[PDB]
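Chains as they are written, first to last, in the working numbering: chain A, 3 to 97; chain B, 11 to 104; chain C, 14 to 418; chain D, 149 to 554; chain E, 4 to 132; chain F, -18 to 109.
Here a beta-carbon is modelled for each residue, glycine too, at the ideal position from N, C-alpha and C.
The structure appears right after this line, and notes come after that.
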Amino acid sequence: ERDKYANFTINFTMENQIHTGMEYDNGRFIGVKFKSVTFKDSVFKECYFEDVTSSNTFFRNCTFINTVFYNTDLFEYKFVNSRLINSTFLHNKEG
Amino acid sequence: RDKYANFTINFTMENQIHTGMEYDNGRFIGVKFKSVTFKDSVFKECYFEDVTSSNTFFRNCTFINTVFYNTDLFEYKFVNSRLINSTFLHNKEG
Amino acid sequence: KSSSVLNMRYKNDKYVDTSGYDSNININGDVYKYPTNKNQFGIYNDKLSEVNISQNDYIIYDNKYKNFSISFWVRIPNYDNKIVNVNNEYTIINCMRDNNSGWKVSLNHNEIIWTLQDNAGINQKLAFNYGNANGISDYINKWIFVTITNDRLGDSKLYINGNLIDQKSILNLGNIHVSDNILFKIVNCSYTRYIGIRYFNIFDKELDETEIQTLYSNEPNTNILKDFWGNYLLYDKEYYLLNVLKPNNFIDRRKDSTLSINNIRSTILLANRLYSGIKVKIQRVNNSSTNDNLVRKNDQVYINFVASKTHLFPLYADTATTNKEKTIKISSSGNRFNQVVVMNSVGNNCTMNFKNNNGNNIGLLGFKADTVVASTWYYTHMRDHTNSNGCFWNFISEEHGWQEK
Amino acid sequence: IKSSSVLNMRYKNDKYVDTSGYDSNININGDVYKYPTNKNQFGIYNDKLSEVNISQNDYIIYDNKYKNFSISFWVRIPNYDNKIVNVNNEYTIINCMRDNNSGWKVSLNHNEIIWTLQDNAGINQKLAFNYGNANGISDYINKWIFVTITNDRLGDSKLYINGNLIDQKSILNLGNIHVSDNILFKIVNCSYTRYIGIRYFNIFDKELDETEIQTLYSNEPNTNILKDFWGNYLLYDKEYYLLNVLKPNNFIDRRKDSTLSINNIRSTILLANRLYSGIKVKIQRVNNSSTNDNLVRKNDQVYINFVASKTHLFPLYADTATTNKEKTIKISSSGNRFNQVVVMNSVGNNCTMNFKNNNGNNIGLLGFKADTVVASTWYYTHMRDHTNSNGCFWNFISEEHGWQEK
Amino acid sequence: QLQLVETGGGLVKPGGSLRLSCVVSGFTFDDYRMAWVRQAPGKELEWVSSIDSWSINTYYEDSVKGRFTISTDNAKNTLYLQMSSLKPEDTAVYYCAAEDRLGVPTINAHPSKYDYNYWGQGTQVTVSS
Amino acid sequence: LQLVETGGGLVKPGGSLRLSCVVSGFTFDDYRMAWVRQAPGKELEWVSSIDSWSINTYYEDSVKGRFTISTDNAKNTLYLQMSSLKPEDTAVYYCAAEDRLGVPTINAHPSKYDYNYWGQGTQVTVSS
Ligand SMILES: *[C@@H]1O[C@H](CO)[C@@H](O[C@@H]2O[C@H](CO)[C@@H](O)[C@H](O)[C@H]2NC(C)=O)[C@H](O)[C@H]1NC(C)=O
Ligand SMILES: *[C@@H]1O[C@H](CO)[C@@H](O[C@@H]2O[C@H](CO)[C@@H](O)[C@H](O)[C@H]2NC(C)=O)[C@H](O)[C@H]1NC(C)=O
Ligand SMILES: CC(=O)N[C@H]1[C@H]([C@H](O)[C@H](O)CO)O[C@](O)(C(=O)O)C[C@@H]1O
Ligand SMILES: CC(=O)N[C@H]1[C@H]([C@H](O)[C@H](O)CO)O[C@](O)(C(=O)O)C[C@@H]1O
Ligand SMILES: *[C@@H]1O[C@H](CO)[C@@H](O)[C@H](O)[C@H]1NC(C)=O
Ligand SMILES: *[C@@H]1O[C@H](CO)[C@@H](O)[C@H](O)[C@H]1NC(C)=O
Ligand SMILES: *[C@@H]1O[C@H](CO)[C@@H](O)[C@H](O)[C@H]1NC(C)=O
Ligand SMILES: *[C@@H]1O[C@H](CO)[C@@H](O)[C@H](O)[C@H]1NC(C)=O
């Protein structure tokens, strides 16, 4: 019963947003700065993240499937009660 | 005689009598002993942690290189037993 | 054509000169070779134990105006800080002729001495007294980098670990004629002992600060992590832990599986105990037989808590909390929780990055309040913050050179 | 030539037939794999019924003492993990000997190809080729190898690999050879489960000279189609790792600034370099006319896409926004192709990619400078005779089951 | 000798002002960041405010800022929380806590025991008409 | 894989300096060595280059005659003897290594990617 979105590329700052019960399919987040953004009860299917910075951003009770995070700062503490299935983090924005 | 090794027990043991065992590198972590007895057993390089006991004894047993960390296995629970190079650390005294 | 006129290095069971000027290096008696790094050798004084360099005639110093430099690393154990407590100067490196012309490296109680004498008997001595350990010592039983520069129209300079600590004019010294032989040999020490030496170099110029610091940084392999003593960090070796920001503290286990840091080290006179707290062992994740036991930069490893000699439990980051920082926990079950540790270093200081198997960053090993944690804070505060060094660790191996009862 | 061809195994109309005209029969028994991109290539195994039997026509069965003859084919031998095959055991793949073992045989050992010729009396003679373990990059392991065997009855028997002579023993002491009625492609007496690839099997009734053997080696696979690392046809919409011919011990990686590095040293399993390291690319048709197939041909106009994940491709382009002659190759996160195409071409098994403007202008062949993958026009005039010529040559490595690395 | 003892909590009418005082022993305020943390009737701990004294820096939970005021007095070794304009939902047990300055300086909104080196006993603060 | 330069200082018009760059991790057999200058306000400007395998040294029009590039027989130390120094020479000087197997172009205004390894730099000041 999730609002679906597919094959979308996003490349702009996202501020002060709560997205609940969403299903992003093959989404791209490239050069995005997250600011006080919360994803709840969402599924990320075959999504892609690149050059992402985050502040006060969390993923609560979310599912990630076959999702790649390249050059992001989305460290572990940002994923609360979430499950990552075949999701990879490559070349994190530190460490 | 009956050799068990490289094992780990994390559950409660109740109303049991184990005889003639030879435990090698056994682990007793989080175990609650209730009316359990060990007789003529050998504990070889074993490890105990977070062990509470009640009506539990080690009769005619031999311990070698065993460590007891955070246990209540006080002196009186070892009847006619040998403790060779066995150490007790941070007992559940209070 | 390089400035290096002598370089003592290891190849196929003996020491050779890699400079190009072909000096001969001979070993006499029982000279110890470090397995993990054969460039490092130990000499004794309780038996025949010496190394002799027969210099090539082309490089033997016999001028009045030619600048020259000498470099090496020395390791000097005290054993108990008692047997060494005697005021007596003893030689370890001799390049002096029959008339005491040339140069000499000698030691004393917590002291390194350089002597340079000419043909007329005019000399100058530079020294460095590092003294007894007050807390943690950066010298005792550690590899110390010694460098001596000589400008014949100026000062003789002594550097320790890249830092200038002594200088004196040698303008009054005329013709210096060094010995044909360089003798590594503990001579006139009142007690039995051994000394480590590595990376002996002679240069035909006065090294500047930049060159000295370059040697200091690069002579030990930067790719390989170091232990507390300055040797290579090893896999499957028991180590105590030291936190660089908290030298007077040691790490202990709690009954809840957490690691504490609010434990003050006992002192022996002014010297913190090193052999206190929990022991850890580093384990390769992907192991081959072709792989050696050296821990390198970016190695994926596991850090195991040593409950006893034969009982190891994986250390992991407990992510099941609402805090950004995650407490480090001992896994009594043996479960690794799909976590790995990445090793890295800055100089002699080591870092441990707790990560998920999927590549997610959990944090560098540090502390918050009284508990050992993994924190992402350090990622952006490695250098210029008061608390930066909280993520730097030393691995202390229990060794014969440092004893405490 | 063709006047000498007395047997030619070719795929036609759902099966394998003889195109020589002497009408030899070919039968498939069991599960024989047929390569989709080249059905002349087939794979036999030993874990199930899997064989190819050629019943030779009565006219071509070798029964002479003085008649020269040649055998030609290509074989593909995978080593998998490189461990399972490490066993000293000669197993046969092609058998043309009667009950009394008179005729000829092709057999395999660990990294070895053996040819055996036995007469009616029982006198035999063997040639062999051992290519050894991979030291860096192997030119033989899991690749198509061209095997040729010429037999001059009044002289030596010669074994050629990839058109080059590698072994020649004399056969003067051999008398009458009565080869088998059947030529059996089957893996017999192998210690382990495996499969083997065979293609372009030919028998000729003369001693082929080096010129004819080279003509076969050059012309048998379609010169118009580009080849991959293994020597199969290069495909569209297929993920490939890259290998630079001049820098075999290095692989390509992505940089955060969208550039490509070449200063990454390949790991080694024993001596062998890892082939499955670095970025993945896919070749895309620019003019998708639909009717055309998935094979890449000479002078094809294509797009080279970088694979971020299975479903996320990004154009690779030449960044012409610099004062340098050579242009850095970058990844376009926006999907913009920047009005560029790539022209594919080939020298043997080595591939060239020419980045060009849509207005027809040259930007340069794909090469490297220092540590960065670039496009450079320099290669145009230094493609043959220069230390650095091979910098513009690339191999496309497909992740396959026959080469396992972990 | 390490100890923290809080006093000053009680019942004051809505819109009132209180002055909590945490007397510490065993350490100096130069070595430890000080904090006030509240616990509601059965809810999880909620961080209220913190102070770094070596440099005057203060930190307030967004709701608290402007109303409350944290202070220290190396003078009398006493930590102060000057309440004012009290609201009904500020009713809780108020503990003072000391965090080692040298550790990770994060401020968790809902801390656990390991977030601070030393805790107090806690003074009740009720606000009802 | 490091380069460290030294030998820079302050001099008068007509003076002389000898810049050295010590390398670790590689020899000059597999890399062409280069000196590149950065004067205040301007972009990076290539000074000189040397191929050790060969006897091929390269200079720019503006420095030829006064500057000489050199290597030792150990093939791990790079030298630039600078003489008859003019005030226009005042700049930070970096030693750099190019992979010899790459495209042998020499851009006068190089970016970071023109060379495999760059040094830390050494200051050269020509003052009256
Ligand atoms: C996103 O775009 C892809 C194309 O890349 C869509 O996948 C196509 O779906 C159509 C209709 O179902 C098929 O005819 C194509 O063959 C598919 N192409 C490929 C390459 O898979 C995909 O469905 C789009 N996302 C959605 C669900 O809207
Ligand atoms: C959001 O939370 C609910 C509650 O935990 C999750 O639903 C459960 O999910 C697990 C795994 O799929 C199942 O075993 C249960 O059947 C589910 N329980 C219920 C109440 O349906 C759900 O997985 C979470 N959703 C996301 C996007 O992570
Ligand atoms: C250079 C040197 O003297 N090494 C000594 C080593 C090292 O101290 C230790 O193995 C690692 O530091 O220990 C000895 O083998 C020992 O146990 O008596 C003596 C030996 O001489
Ligand atoms: C000739 C042959 O047997 N090929 C095999 C191919 C590859 O062509 C192989 O890697 C070549 O070496 O993979 C298979 O199709 C597969 O795993 O599904 C099985 C098939 O048997
Ligand atoms: C996910 O990972 C598994 C093994 O971890 C692998 O077999 C497979 O390719 C991936 N796909 C899914 C969705 O299972
Ligand atoms: C326990 O594990 C060790 C480690 O390999 C092994 O040597 C030993 O045989 C094991 N003990 C038994 C008897 O299972
Ligand atoms: C407890 O012990 C059992 C049996 O060895 C094991 O299956 C289980 O994983 C252990 N721990 C847990 C997770 O309860
Ligand atoms: C027990 O410890 C003593 C004390 O040094 C030692 O001699 C011996 O090796 C140990 N014996 C056993 C049972 O391992």
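- For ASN94 (chain A), no CB of chain D lies under 8 Å from its own CB, so it is not counted at the interface with that chain.
- In the DSSP annotation of this structure, the continuous segment of the alpha helix (DSSP H) that includes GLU222 (chain C) starts and ends at 222 to 231.
- Per DSSP, the unbroken beta strand (DSSP E) holding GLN19 (chain F) starts and ends at 12 to 19.
- For chain A, the residues of the stretch 383 to 397 of chain C that bring a beta carbon within less than 7 Å of one of its beta carbons are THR389, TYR392, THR393, in chain order.
- Chain order gives the chain C residues near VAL77 (chain B) as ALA320, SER321, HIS324, where near means a beta carbon separation below 9 Å.
- Between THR58 (chain F) and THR49 (chain F), the gap from beta carbon to beta carbon reaches 8 Å or more.
- For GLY414 (chain C), the shortest C-beta to heavy atom distance toward ligand 3 is below 7 Å.
- By the Cβ test, the stretch 282 to 302 of chain C is in contact with the stretch 141 to 153 of chain C, since at least three Cβ pairs between them sit closer than 8 Å.
- For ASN28 (chain A), the shortest separation between its Cβ and any heavy atom of ligand 5 does not lie below 7 Å.
- Residue burial is scored here from C-beta neighbours: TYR528 (chain D) has fewer than 16 other C-beta atoms within 10 angstroms and is therefore classed as exposed.
- Contact between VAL34 (chain A) and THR15 (chain A) holds: CB atoms are separated by about 7 Å, below the 8 Å threshold.
- Using a 10 angstroms sphere on the CB of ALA43 (chain E), the tally of other CB atoms stays under 16, which defines it as exposed.
- According to DSSP, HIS190 (chain C) shares a beta bridge with C:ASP75.
- Its chain contains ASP27, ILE67 as the residues whose beta carbon lies nearer than 6 Å to that of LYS47 (chain A), once the 5 sequence neighbours on both sides are disregarded; these appear in chain order.
- Under a criterion of Cβ atoms nearer than 8 Å, the residues of chain C adjacent to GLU59 (chain B) are, in order, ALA320, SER345.
- Within the same chain, Cβ atoms closer than 8 Å to the Cβ of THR470 (chain D) are found at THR476, the five residues on either side in sequence being excluded.
- At least 8 Å separates the beta-carbon of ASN216 (chain D) from that of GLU358 (chain D).
- Restricting attention to beta strand (DSSP E) runs no shorter than 3 residues, the stretch 313 to 401 of chain C encloses them at 313 to 321, 324 to 330, 339 to 343, 352 to 359, 362 to 369, 374 to 381, 384 to 388, ordered along the chain.
- By DSSP's assignment, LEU84 (chain E) forms a beta bridge with E:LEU23, E:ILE73.
- Chain-ordered, the residues whose CB falls short of 7 Å from any heavy atom of ligand 8 come out as B:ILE74, B:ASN75, B:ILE94, B:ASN95.
- According to DSSP, residue pairing for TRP57 (chain E) in a beta bridge does not occur.
- For ligand 7, no non-hydrogen atom lies closer than 7 Å to the CB of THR22 (chain B).
- DSSP places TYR47 (chain C) inside the beta strand (DSSP E), whose first and last residues are 45 to 47.
- For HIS394 (chain C), the closest of C:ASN201, C:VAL87, C:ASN373, C:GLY379 by C-alpha to C-alpha distance is C:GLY379.
- Within 10 angstroms of the beta-carbon of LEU99 (chain B) lie fewer than 16 other beta-carbons, which makes it exposed.
- With a cutoff of 7 Å, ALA8 (chain A) counts as near ligand 1, since its C-beta is closer than that to a heavy atom of the ligand.
- Annotated three-state conformation of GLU412 (chain C) is coil, per DSSP.
- Residue environment: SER482 (chain D) is assigned as exposed (fewer than 16 neighbouring CB atoms within 10 Å of its CB, all protein chains considered).
- Within the same chain, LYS35, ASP75 come within 6 Å of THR55 (chain A) by CB-CB distance, once the 5 residues on both sides are set aside.
- Residue-level contact by beta carbon fails for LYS294 (chain C) and chain B, as no gap is shorter than 8 Å.
- About 7 Å separates the Cβ atoms of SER546 (chain D) and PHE377 (chain D), confirming a contact at the 8 Å cut-off.
- Per the DSSP secondary-structure output, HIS100 (chain B) pairs with nothing in a beta bridge.
- Taking the CA atoms as reference points, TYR86 (chain B) sits about 47 Å from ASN299 (chain C).
- Taking CB atoms only, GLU32 (chain B) has no neighbour in chain C less than 8 Å away.
- For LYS268 (chain C), the C-beta contacts it makes with chain B under 8 Å involve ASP60, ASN80, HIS100, in order along the chain.
- Look at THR340 (chain C): its C-beta is not under 8 Å from any C-beta on chain A.
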